[PDB]
Amino acid sequence: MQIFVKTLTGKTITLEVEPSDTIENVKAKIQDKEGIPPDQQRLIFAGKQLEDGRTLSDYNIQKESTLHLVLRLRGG
Amino acid sequence: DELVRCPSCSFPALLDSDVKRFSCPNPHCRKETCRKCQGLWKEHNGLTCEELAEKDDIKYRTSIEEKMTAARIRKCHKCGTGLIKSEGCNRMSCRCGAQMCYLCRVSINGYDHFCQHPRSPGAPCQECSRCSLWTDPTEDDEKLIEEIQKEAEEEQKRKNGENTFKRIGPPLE
Ligand SMILES: [Zn+2]
Ligand SMILES: [Zn+2]
Ligand SMILES: [Zn+2]
Ligand SMILES: [Zn+2]
Ligand SMILES: [Zn+2]
């Protein structure tokens, strides 16, 4: 597939992924294009947080879907 | 030689059997449509009938996927970065320094925006109308997110005709 990822910097990048790729694979492919370390990436699709254990097919991420990088902040 | 009726207003026009573009003669319609799939002609350039059908479907599904993400994400009013609260009160401080109320998402300057009176979880305040400083909107937001997925499921039943529907976002727990 080809999916989009929206950076914290506002830029939207495009990735060549397959529905069997785990979230860890996607965080790696994001690091190769933007230099964002995977431990720093908080991914969210269709309102749900993405976890390293499951794959893209588990989250029903299809072609041209967009994953949003967000800041997981503590209130105060 | 073939006589064709406009897919929108049913006005008739004579068309050559080797022309695929239908230009409605009705002055109050004027719609230009494809003749095999009734798709809009302007939105049809460079695409086959199947490639246009897929393009409008992806456009719809992604519109719902982002509608769900929008309900979950808090966008900073200054830098546009998306925020999610892990824990704590409802006063958010983005990495740009700007502050916002995690409930109503308005830009705020400090704690004066929030209601701090004794207040039961998810209960009105009998002395003010300010936002609750401590209320957790995770359940309410997950309900709004699911309403979008259900409404998108029912609008698919209207367009498809049958009770066929595919979920847009991730599945349930
Ligand atoms: Zn017409
Ligand atoms: Zn067509
Ligand atoms: Zn900001
Ligand atoms: Zn507020
Ligand atoms: Zn109050």
Side-chain angles (χ1 to χ4, degrees), chain A residues 1-27 30 34-37 39-76, chain B residues 54-55 57-76 79-96 99-103 111 114 133-136 138 141-149 152 166-173:
Chain A
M1 311 180 307
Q2 173 175 134
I3 68 175
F4 307 98
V5 179
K6 191 166 298 181
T7 324
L8 305 169
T9 68
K11 180 170 58 180
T12 66
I13 68 179
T14 170
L15 301 183
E16 182 68 24
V17 301
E18 299 289 352
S20 64
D21 298 358
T22 176
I23 296 297
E24 300 173 339
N25 291 7
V26 184
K27 294 186 172 180
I30 291 173
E34 290 300 309
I36 316 173
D39 60 87
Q40 188 189 317
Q41 299 172 7
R42 296 304 198 283
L43 284 170
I44 277 182
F45 164 73
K48 192 161 187 183
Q49 276 203 240
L50 308 189
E51 298 188 342
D52 283 6
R54 302 177 182 177
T55 186
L56 294 180
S57 184
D58 292 3
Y59 287 105
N60 201 25
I61 296 174
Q62 312 183 46
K63 173 166 63 179
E64 296 186 10
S65 293
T66 301
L67 317 183
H68 294 259
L69 289 160
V70 301
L71 293 182
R72 194 168 183 270
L73 291 189
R74 158 207 183 94
Chain B
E54 177 189 30
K55 171 175 154 66
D57 173 79
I58 298 178
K59 178 180 177 187
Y60 177 76
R61 171 177 55 86
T62 57
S63 79
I64 303 297
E65 289 170 354
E66 299 317 300
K67 200 182 298 287
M68 298 167 75
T69 300
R72 176 81 164 93
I73 295 313
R74 271 66 176 178
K75 283 186 59 61
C76 179
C79 72
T81 304
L83 322 168
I84 53 169
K85 193 227 293 185
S86 60
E87 59 189 353
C89 67
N90 284 334
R91 195 194 92 168
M92 299 296 299
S93 292
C94 172
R95 71 173 176 179
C96 70
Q99 304 179 25
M100 80 187 301
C101 165
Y102 195 76
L103 289 185
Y111 293 108
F114 296 100
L133 181 58
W134 296 104
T135 282
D136 194 316
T138 307
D141 284 354
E142 288 176 348
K143 292 174 186 176
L144 301 190
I145 289 174
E146 184 53 42
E147 288 175 0
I148 298 182
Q149 151 77 37
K166 298 174 295 181
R167 285 190 64 99
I168 297 297
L172 308 179
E173 298 180 349

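Lettering of chains follows the sequences in order, A, B, ..., and the numbering in each one begins at 1. All values below come from the heavy atoms of this structure, side chains included, with hydrogens, waters and symmetry mates left out.
- Within a 6.0 Å sphere centred on NZ of A:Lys48, heavy atoms belonging to other residues, nucleotides or ligands number more than 12.
- In this structure, A:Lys27 places its NZ atom where more than 12 heavy-atom neighbours from other residues, nucleotides or ligands lie under 6.0 Å away.
- Taking a 6.0 Å sphere around CD of A:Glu51, one finds it holds 12 or fewer heavy atoms contributed by other residues, nucleotides or ligands.
- With a 4.5 angstrom heavy-atom cutoff, B:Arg61 touches chain A only via side-chain atoms.
- Both the backbone and the side chain of B:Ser93 come within contact range of chain A, with heavy atoms under 4.5 Å apart.
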A:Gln49/B:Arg72 under side-chain contact (heavy atoms from CB on, under 4.5 Å): CA gap, chis, key distance, verdict: CA-CA 10 Å; A:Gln49 276 203 240; B:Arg72 176 81 164 93; 3.6 Å; yes

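- Counted within 6.0 Å of NZ on B:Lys85, heavy atoms from surrounding residues, nucleotides or ligands total more than 12; the atom is thus considered enclosed.
- What you find for B:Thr69 and A:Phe45 is that their closest heavy atoms are OG1-C, 3.8 Å.
- Only the side chain of B:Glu66 comes within less than 4.5 Å of a heavy atom in chain A; its backbone stays farther off.
- Near-neighbour residues of residues 59-76 of chain A relative to chain B, defined by a heavy atom under 4.5 Å from a heavy atom of that chain, comprise A:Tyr59, A:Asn60, A:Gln62, A:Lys63, A:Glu64, A:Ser65, A:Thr66, A:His68, A:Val70, A:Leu71, A:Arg72, A:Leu73, A:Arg74, A:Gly75, A:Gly76.
- Heavy atoms of B:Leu133 lying under 4.5 Å from chain A are absent altogether.
- Neither the backbone nor the side chain of B:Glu146 comes within contact range of chain A, judged by heavy atoms closer than 4.5 Å.
- Nearest heavy atom pair, residue A:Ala46 against residue B:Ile145, reads O-CG2, 4.1 Å.
- Chosen from B:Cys94, B:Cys76, B:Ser86, B:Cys79, the residue pairing most often with chain A at heavy-atom distances under 4.5 Å is B:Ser86.
- Proximity to chain A (any heavy atom under 4.5 Å) is restricted, for B:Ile73, to the side chain, taken from C-beta onward.
- Remark: B:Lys59 pairs with no residue by the side-chain contact (heavy atoms from CB on, under 4.5 Å) rule, at least two apart or across chains.
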